[PDB]
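**Student:** Generate a structure from the sequence data that follows.
(5 chains)
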Amino acid sequence: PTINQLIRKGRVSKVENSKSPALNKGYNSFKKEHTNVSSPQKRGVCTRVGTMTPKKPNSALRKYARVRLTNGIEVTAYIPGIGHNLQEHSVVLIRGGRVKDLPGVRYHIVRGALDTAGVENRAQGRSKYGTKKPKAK
Amino acid sequence: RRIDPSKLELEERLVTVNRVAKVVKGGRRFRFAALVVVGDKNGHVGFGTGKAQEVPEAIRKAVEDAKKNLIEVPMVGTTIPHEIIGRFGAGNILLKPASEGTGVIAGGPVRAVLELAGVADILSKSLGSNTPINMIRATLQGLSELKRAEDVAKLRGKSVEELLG
Amino acid sequence: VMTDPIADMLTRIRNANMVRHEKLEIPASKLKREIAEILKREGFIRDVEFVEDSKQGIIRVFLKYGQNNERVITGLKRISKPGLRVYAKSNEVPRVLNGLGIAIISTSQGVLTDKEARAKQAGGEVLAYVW
RNA sequence: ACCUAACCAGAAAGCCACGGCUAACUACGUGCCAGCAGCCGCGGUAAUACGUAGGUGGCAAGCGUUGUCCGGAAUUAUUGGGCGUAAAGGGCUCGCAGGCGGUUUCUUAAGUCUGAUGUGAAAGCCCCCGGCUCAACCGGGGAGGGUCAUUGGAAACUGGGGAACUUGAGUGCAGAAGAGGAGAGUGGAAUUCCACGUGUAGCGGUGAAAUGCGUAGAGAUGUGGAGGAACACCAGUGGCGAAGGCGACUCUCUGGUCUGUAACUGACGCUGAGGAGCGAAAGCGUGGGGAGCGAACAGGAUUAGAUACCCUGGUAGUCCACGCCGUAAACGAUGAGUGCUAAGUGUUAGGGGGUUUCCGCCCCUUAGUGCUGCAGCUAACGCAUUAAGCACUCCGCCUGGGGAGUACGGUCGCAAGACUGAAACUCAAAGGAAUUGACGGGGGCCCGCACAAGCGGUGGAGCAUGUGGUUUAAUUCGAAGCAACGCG
RNA sequence: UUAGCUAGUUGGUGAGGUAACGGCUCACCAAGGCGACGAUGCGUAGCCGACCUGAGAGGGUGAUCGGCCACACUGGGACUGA
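**Tutor:** Numbering: from 1, shown residues only, chains lettered A, B, ... in the order given. Below is the structure:
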């Protein structure tokens, strides 16, 4: 680029995409706009429990169902752990991080959040899977 | 010139021992390939290697490569004379002259080469290719092009130590 | 044509600087003249003998680089671009090379050298840079 | 708060990781299930990757996950990227604005640079000390931060102004050359068709045929006439043009290029977004022209199928004039201008010359164009004085692929569409060059009961054995292209 | 993928007004003015000292302390007073 060319036409920008849709909010009393505020984790009333097919060549049974978030969007999140007290009509707290196998997990619900239950019968790493302290004794 | 003889204690660091296979009738005849650079600890630091059947074989052909060539690298006490952006082979190297206690801040092939070739404070952050052979190539050309101040006064006839600072 | 004269002289001393030629021509001007006395007095080329005549020109310098490949003209760069001009204040007059080369900033009292211009302590248009 | 005495080690340690990146390893269970995951990717009965247990490693009253910002990111590049093939040269020109500009000389300070004052408050960043037991922190003492004003200098460089000069560029003078263009006219060779002679049973086409034509007299051959389109030989990696492109011959009107001294002018130049203009072939409107060729269409062939290849026909179109269309692998996938940098060998268009009336050889010289190659460039192929080398001026383009040149919006178009031109989602690959092998119904060379050349068989008949299958209480297991089947 | 905009607008004269010049507001006159050096229009947003990050150039935010502007349920209005 010439000094007159780049000195008159300018340099184009490098705008990249976001890592996950978590708008913040929108707050609809009363506009319903209403983003971005981009919270650390959105917590919404769940949609349906289930299990989808993993992507090839992985052949397992990941179980993750949709979550009507507390702002309006509905992105399906693959819930962490083995064992889940999350059923239909129960709310969960979605947290970020794209899943690998099944295409389109725009959240990973915090196993240990307000509505959901923690990983039971697991004690080697408990920040993830949210279980309490170790067995007594 | 001149080709410095193998007449010192060599360091013999290994840069990286890559795999290699010629896709022939029957699979791929796998042979190890390692470009590991030997260093004299004073300035004779030369970096070329070959291939062989075993990992120790690649050590042997690499050490034969270190007995092949050596470089000078004239630098007065933890520096180079002129910190020149030296890269030849599509892989740059940006090695400036640093202070006394500023450390040898270089990368993979730069930290191996200058780290085994007598460096005290030469800041280096590359700009370009990232192959191993390209790193030792452009780093070897840059180390083999940086000029020394006494000889730079002794070949361009102005004065020795007339350019100080 | 004639985009910049000093870039034509610098391209002359560069291209002849790699050609291994004995003498080198130039377009004779006040920049080739004062730059010939500066770059000849600092000891790169053997001698500039400005053989003038009608109508214009024409300088003629000899490459003062011996057997050893790359003599006192070891590499030159346009530090000032006629078209987007360099500038250098007193404290910001940069000495090119670090310890080997020398830069030539066209000071307000004559086309100085690097260390001599810092001796005056006044900068100007960065005229050329001979690494 | 802090101090003093007593008391008790008594109450005071967890979180993440242990393939790589990346410090940190083994066992049990699980057996593509449950799972992990930032990327690479693991997990289908020996998991350093899933959980569990010991141990290790990082960190610490904290440790991980996620959200956002910076860096890595030379992945917007002024520092500091590029465009022949990877993404990227505008199809090409003319030009306004803008951006840049030959050498000498006087002035100027508008930029350029420097000194003095004002001001850039505090707190904060950095340097130098002191105070809270030290530290975080506080306080004091400094610094630095401006196209900043006002003002003093230098005049080197860019600019303002005046004087100049000539190679740049232009005019002149004389040469040379060409399918450069526009209009008019003319000429043949060949095909078709028509008229008549001559003559018979085929002509035609193909891989092989058929459709088609021919006893209403075809093909062929002789003569003559009509009409359209293109001009063979010269003709050639020749010439000219901005490019697309341009070919029979002649004339009118016209542009441009190069050579040569050198009369004049004295920088009057280079690029140039918009804007203007031209731009193959297909198309589009009207009106002409329709000999050959010939999409769509018809028939026959080849194939399992033939909305194709082939053949026989055949509309539009090709042609012309007037207007619109404004795309192409519009290619050298290389924008224009200028300066420099090894050489050889062609080839037109000129010039100077060495002797040469000649002619002709040879050198020097331009301009244009082709090959072969040094330095240098590069990812490799390759380029290389016609650079992709070496530097300067300016314009245009490029920022992973798909989505997608798609949608929506505008401009133009009679339309056909052209220009401009996104996004959501998704993926870690697309891509360029080069190597090794494979393939080929690609070519080259060769060999063998491979083929050809002969003998005698099998597949037909009854029987012997094995296999498949069906049956069984079981018809034991193993072999399944040659290499399983008179096999173990 | 905003090329049009503007009619108290552009300018004059005159009068009134406020602490004060001024189309600030009116009468009369003229037809102006802004725009590729981006007008207008959509969008977003308090700005700065500074903070965070980067080797540096730069990139991002305007918390807490301070400086200025704005607002005080929404939208106008004027009185008291310096």
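
**Student:** can you pull the contacts of the residue positioned nearest the centre of chain A?
**Tutor:** The central residue of chain A, meaning the one whose C-alpha is nearest the mean C-alpha position (Cα atoms, centre = their mean), is residue A:107 at 1.5 Å. Shown here is residue A:107, whose contacts under the criterion Cβ atoms under 8 Å, 6 or more residues apart in numbering or on different chains are A:20, A:22, A:42, A:67, A:75-77, A:94-97. Yep, even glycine has a C-beta here, placed from its N, CA and C like the rest.

**Student:** Distance-wise, check it relative to residue B:35.
**Tutor:** Here the criterion is Cβ to Cβ, to the nearest Å. By it, residue A:107 lies 46 Å from residue B:35.

**Student:** How about residue A:114?
**Tutor:** Following Cβ to Cβ, the distance that separates residue A:114 from residue B:35 is 57 Å.

**Student:** Same check on residue B:88?
**Tutor:** Summarising the geometry, the distance separating residue B:88 from residue B:35, computed by Cβ to Cβ, is 16 Å.

**Student:** which residues touch residue 94?
**Tutor:** Just so you know, I chose chain A. The neighbours of residue A:94, taking Cβ under 8 Å, 6+ apart as the test, are A:22, A:41-44, A:67, A:69, A:75, A:77, A:107-110.

**Student:** Chain C is the one I meant
**Tutor:** For residue C:94, counting by Cβ under 8 Å, 6+ apart, the contacting residues are C:88, C:103.

**Student:** Let me know the secondary structure of it.
**Tutor:** In the three-state summary, residue C:94 is assigned as coil, counting by DSSP: H, G, I helix; E, B strand; the rest coil.

**Student:** ok, now how distant is it from residue C:117?
**Tutor:** Counting by Cβ to Cβ, the gap from residue C:94 to residue C:117 is 11 Å.

**Student:** Likewise for residue C:70?
**Tutor:** The value you get for residue C:70 to residue C:117, if Cβ to Cβ is used, is 25 Å.

**Student:** of these two, who's got more company?
**Tutor:** For residue C:70 against residue C:117, the residue with the higher neighbour count under other Cβ atoms under 10 Å in any protein chain shown is residue C:117, and the figures read 25 against 14.

**Student:** got a list of what the more buried one touches?
**Tutor:** Here residue C:117 is in contact with C:93, C:105, C:107, C:123-124 (Cβ under 8 Å, 6+ apart).

**Student:** who has more neighbours, residue B:88 and residue B:35?
**Tutor:** Ranked by neighbour count (other Cβ under 10 Å), residue B:88 and residue B:35 place residue B:35 first, with 24 against 16.

**Student:** these two touch, right, the more buried one and residue B:136?
**Tutor:** Yes: under the criterion of Cβ atoms under 8 Å, residue B:35 lies in contact with residue B:136, with a separation of 6.3 Å.

**Student:** Find the residues that touch each one of the two.
**Tutor:** Taking Cβ under 8 Å, 6+ apart as the contact criterion, the residues that touch both residue B:35 and residue B:136 are B:15, B:47-48.

**Student:** Just send these back as TSV, with distance to RNA strand D too.
**Tutor:** Written out in TSV, the entries for these read as follows (distance: Cβ to the nearest atom of the strand, whole Å):
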residue	distance to RNA strand D
B:15	14
B:47	18
B:48	16
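
**Student:** Show me those that map onto strands.
**Tutor:** Mapping the shared contacts of residue B:35 and residue B:136 onto strands (DSSP state E) picks out no residues; all lie outside.

**Student:** Give the burial count for residue 55, as a bare number.
**Tutor:** No chain was given, so I picked chain A. The local packing count at residue A:55 equals 13, with neighbours defined by other Cβ under 10 Å.

**Student:** that's the wrong chain, I wanted chain B
**Tutor:** Other residues lying near residue B:55 total 11 when counted by other Cβ under 10 Å.

**Student:** can you pull the buried residues of stretch C:25-42?
**Tutor:** Residues of stretch C:25-42 classed as buried under the neighbour-count rule (16 or more other Cβ atoms under 10 Å in any protein chain shown) are C:26-29, C:31-36, C:38-40, C:42.

**Student:** where do the strands sit along the chain?
**Tutor:** Since you didn't name a chain, this refers to chain A. According to DSSP E, the strands that chain A contains are A:43-46, A:64-65, A:67-68, A:77-78, A:91-95, A:108-109.

**Student:** that answer is for a different chain, and I need it for chain C
**Tutor:** Along chain C, the segments classed as strands by DSSP E run C:23-25, C:60-62, C:102-107, C:110-111, C:125-130.

**Student:** Can the fourth one be said to contact RNA strand D?
**Tutor:** Yes: using Cβ under 7 Å from any atom of the strand, we find that strand C:110-111 touches RNA strand D at C:110-111.

**Student:** next one: the second one
**Tutor:** No: where contact is defined by Cβ under 7 Å from any atom of the strand, no part of strand C:60-62 touches RNA strand D; the two come within 12.3 Å at best.
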